[PDB]
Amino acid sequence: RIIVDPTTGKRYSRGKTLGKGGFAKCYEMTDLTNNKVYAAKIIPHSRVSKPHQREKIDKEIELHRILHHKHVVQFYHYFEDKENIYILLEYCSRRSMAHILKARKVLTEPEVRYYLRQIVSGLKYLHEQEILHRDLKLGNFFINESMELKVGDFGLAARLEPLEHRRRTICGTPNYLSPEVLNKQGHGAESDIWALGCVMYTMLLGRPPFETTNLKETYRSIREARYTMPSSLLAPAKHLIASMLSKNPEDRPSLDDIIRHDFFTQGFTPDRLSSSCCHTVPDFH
């Protein structure tokens, strides 16, 4: 299967299927020119005939293509032929963190420190760019062969809007809805920090702090921001989760405040995590 870009004449080679992605059918896509493999979203035009879902991928491409950071999935190139839209992205061979957490149930503290340092690095970049991810979940943290975390799936992504200039309606259907979004206040930077609490919690426990059904029954408990803290957690981990899950948005720590917490500084953290950690528990110390 040869795929030629009709506006350039660049030829790509389509490899194995990688999975599903809503509108995306995902296959390996080799650039024959470089000579390197990427992970491609292939979206037939028939999928996106409606103006709003056409605009959806358009903002996703527009916003994503301008980001260059070691902990954000690298945009490579986008093009279209007669039937498909093509988005080529950093190939992450050891899949996502939602995959690892299924296989492990629960991670060790040094693993949680190893992964969250990378997550906070990639989000700092984005937040300085002034782009809100708006869909941070374990599913969107992509890992490569050499075990490096890339934050991906832009899409529910958007540029930061001042409070008075803000989109108030709930955007799409994300994994971890903040108290402030539920109060018709919109999605700020601290709504991304909220999700990092839900992420960290789930890395240490294998279950989210709140129900993720997005049902209107679930709204009250989240607002409210009340939940059970399990005794299994060590003191410093407990404090930082409670910090990031503050009820009031401006009570939540900054990303600089986060990576300097006792949770990070007072424990051991490896420079390189072994790939055995995708399955097996790592050794102590």
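Residue indices: 1-based, along the sequence shown.
Looking at 162 to 170 and 139 to 147 together, the entry lists the larger mean B-factor for 162 to 170, computed on C-alpha atoms. Once the C-alpha B-factors are averaged per stretch, 111 to 119 and 153 to 161 rank with 153 to 161 first. Across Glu55, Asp31, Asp257, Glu62, the entry's maximum B-factor at the CA atom is seen for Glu55. Reading the B-factor column for the CA atoms of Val37, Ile66, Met244, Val48 in the entry, the top value corresponds to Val48. Among all modelled residues in this chain, the alpha-carbon of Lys70 has a temperature factor (C-alpha) in the lowest third.
Annotation for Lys184: C-alpha temperature factor in the highest third relative to the rest of the modelled chain, per the entry. Sort the chain's modelled residues by C-alpha temperature factor and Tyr78 lands in the middle third, per the entry. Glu90: CA B factor in the lowest third of modelled residues in this chain (values from the PDB entry). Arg272 sits in the highest third of its chain by CA B factor, as recorded in the PDB entry.
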